[PDB]
Amino acid sequence: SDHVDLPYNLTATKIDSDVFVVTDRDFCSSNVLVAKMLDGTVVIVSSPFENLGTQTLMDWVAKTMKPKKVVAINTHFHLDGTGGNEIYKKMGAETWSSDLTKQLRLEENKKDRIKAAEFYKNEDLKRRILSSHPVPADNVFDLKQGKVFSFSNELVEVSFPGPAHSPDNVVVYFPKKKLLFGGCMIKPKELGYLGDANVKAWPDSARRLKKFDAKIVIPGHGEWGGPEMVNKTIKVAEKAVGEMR
Ligand SMILES: [Zn+2]
Ligand SMILES: [Zn+2]
Ligand SMILES: [Zn+2]
């Protein structure tokens, strides 16, 4: 079948033999891409919110893919992005983000934990959030220049299309699979949490994603789709600009 149910309400859904989406349903249905490169390297894009979810994800990756190496790419500084870094590191993964994402995560870490913890209503989820201590990635590239990974000539392209959902949001493109992980700047129905959003910039940042020849676009939350995901996002952001003036 199309998915496997994992502990802590994680879902792992197959897109093909070498591409999976793992969804943290407990924490806002956050999507994590897991792509196995031909040379055995596993690339993970984004993260579950915290340690229990991330440990569950890594246990499943270990069991099912037995990777030679794991490379984890943070999409932005939010917990669906950096929440996995502690456990990724502990498990021997190489964690990556832009320099801005690291900076924003470090700044976010200075803020009051217990006050920001009442943002969730369930007490078990609160205790899971408070039990984790998010850290930035170990390896950093310059936001504006992006980064292209080459795993035995299999390319993974990380680029900054401009501020949208957050000032630092990047997308990850896999040209071999024509797959774009757009992350939380892909919002085909409604923009969602705007705490760090640049609504005025969002339509043009999303327009810049049209350059990718994507057959599959994976959003940070919710069902994935095709290139129309980008078009839907642009209109949703425009309506927000329209009301906002
Ligand atoms: Zn199921
Ligand atoms: Zn976010
Ligand atoms: Zn998100």
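For this chain, numbers begin at 1 and follow the sequence in order.
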[atom1] of [X]: more than 12 outside heavy atoms within 6.0 angstrom?
| X | atom1 | result |
| --- | --- | --- |
| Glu228 | CD | yes |
| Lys232 | NZ | no |
| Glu238 | CD | yes |
| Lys187 | NZ | yes |

Residue pair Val32 / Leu57, side-chain heavy-atom distance below 4.5 Å: yes
Heavy-atom check, side chain of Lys210 versus side chain of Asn231, under 4.5 Å: yes
Among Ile, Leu, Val, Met, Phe, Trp and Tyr joined by side-chain contacts under 4.5 Å, find the other residues sharing a cluster with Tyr193 and list them by chain and number. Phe27, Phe49, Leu79, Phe119, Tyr120, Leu125, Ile129
Supply the members, apart from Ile114, of the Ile/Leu/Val/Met/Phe/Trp/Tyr cluster built from side-chain contacts under 4.5 Å; use none for a lone residue. none
May I ask you to decide if the ring planes of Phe151 and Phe149 are parallel, tilted or perpendicular, using 30° and 60° as cut-offs? parallel
Can a donor-acceptor pair be found, under 3.5 Å and without considering hydrogens, that links the side chain of [X] to the backbone of [Y]?
| X | Y | answer |
| --- | --- | --- |
| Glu154 | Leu38 | yes |
| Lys36 | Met65 | yes |
| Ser98 | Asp142 | no |
| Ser205 | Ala201 | yes |
| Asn198 | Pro167 | no |
| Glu50 | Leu52 | yes |

How many angstroms lie between [atom1] in [X] and [atom2] in [Y], if you round to the nearest 0.5 Å?
| X | Y | atom1 | atom2 | value |
| --- | --- | --- | --- | --- |
| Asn74 | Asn169 | CG | CG | 13.0 Å |
| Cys28 | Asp80 | SG | CG | 7.5 Å |
| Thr233 | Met185 | OG1 | CE | 7.5 Å |
| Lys215 | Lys178 | NZ | NZ | 6.5 Å |
| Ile218 | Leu33 | CD1 | CG | 4.5 Å |
| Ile186 | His221 | CD1 | NE2 | 12.0 Å |

Applying salt bridge (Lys or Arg N to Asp or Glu O under 4.0 Å), run through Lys126 and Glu123 and close with a yes or a no. CA-CA 5 Å; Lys126 284 185 196 168; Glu123 302 299 320; 2.9 Å; yes
May I ask whether [X] and [Y] are part of the same hydrophobic cluster, defined by side-chain heavy atoms of I, L, V, M, F, W, Y residues being less than 4.5 angstrom apart, directly or through others?
| X | Y | result |
| --- | --- | --- |
| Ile73 | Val61 | no |
| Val171 | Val230 | yes |
| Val42 | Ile87 | yes |
| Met37 | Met58 | no |
| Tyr88 | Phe20 | yes |

Check the side chains of [Y] and [X] for a donor-acceptor pair under 3.5 angstrom, ignoring hydrogens and angles.
| X | Y | answer |
| --- | --- | --- |
| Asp99 | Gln103 | no |
| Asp196 | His78 | yes |
| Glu86 | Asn51 | yes |

Could you work out, with side-chain contact (heavy atoms from CB on, under 4.5 Å) as the rule, every residue matching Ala240, not counting sequence neighbours? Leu191, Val199
Selection residues 105-116 - residue pairs positive for salt bridge (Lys or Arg N to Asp or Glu O under 4.0 Å), sequence neighbours left out: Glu108-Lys111
What are the two closest non-hydrogen atoms of [X] and [Y], and how far apart are they?
| X | Y | answer |
| --- | --- | --- |
| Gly53 | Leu10 | O-CD2, 3.4 Å |
| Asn85 | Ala137 | ND2-N, 3.4 Å |
| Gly84 | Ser47 | N-OG, 3.1 Å |
| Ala214 | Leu180 | CB-CB, 3.9 Å |
| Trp224 | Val217 | CB-O, 3.3 Å |
| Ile234 | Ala206 | CG1-CB, 3.7 Å |

Just grab all the side-chain hydrogen bond (donor to acceptor under 3.5 Å, both in side chains) pairs involving residues 19-35, residues at least two apart or on different chains. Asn9-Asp26, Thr11-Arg25, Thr23-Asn31, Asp26-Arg128
Step by step, would you call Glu94 with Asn139 a side-chain contact (heavy atoms from CB on, under 4.5 Å)? CA-CA 7 Å; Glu94 184 182 290; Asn139 305 283; 3.5 Å; yes
NZ/NE/NH1/NH2 to OD/OE distance under 4.0 Å, [X] and [Y]:
| X | Y | result |
| --- | --- | --- |
| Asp138 | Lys89 | yes |
| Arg207 | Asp204 | yes |
| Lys177 | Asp16 | yes |

Of all residues at least two apart in sequence or in a different chain, which pass the ring-ring contact (aromatic ring centres under 6.0 Å, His included) check with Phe212? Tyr173
Please test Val21 against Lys14 for side-chain contact (heavy atoms from CB on, under 4.5 Å), starting from the C-alpha separation and ending with a verdict. CA-CA 7 Å; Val21 176; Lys14 181 172 177 196; over 6 Å; no
Start with the C-alpha distance between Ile15 and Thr13, add both sets of side-chain angles, then the distance that settles side-chain contact (heavy atoms from CB on, under 4.5 Å), and finish with yes or no. CA-CA 7 Å; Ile15 288 180; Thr13 305; 5.6 Å; no
Apply side-chain contact (heavy atoms from CB on, under 4.5 Å) to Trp96 and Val71, showing your working. CA-CA 8 Å; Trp96 285 88; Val71 171; 3.7 Å; yes
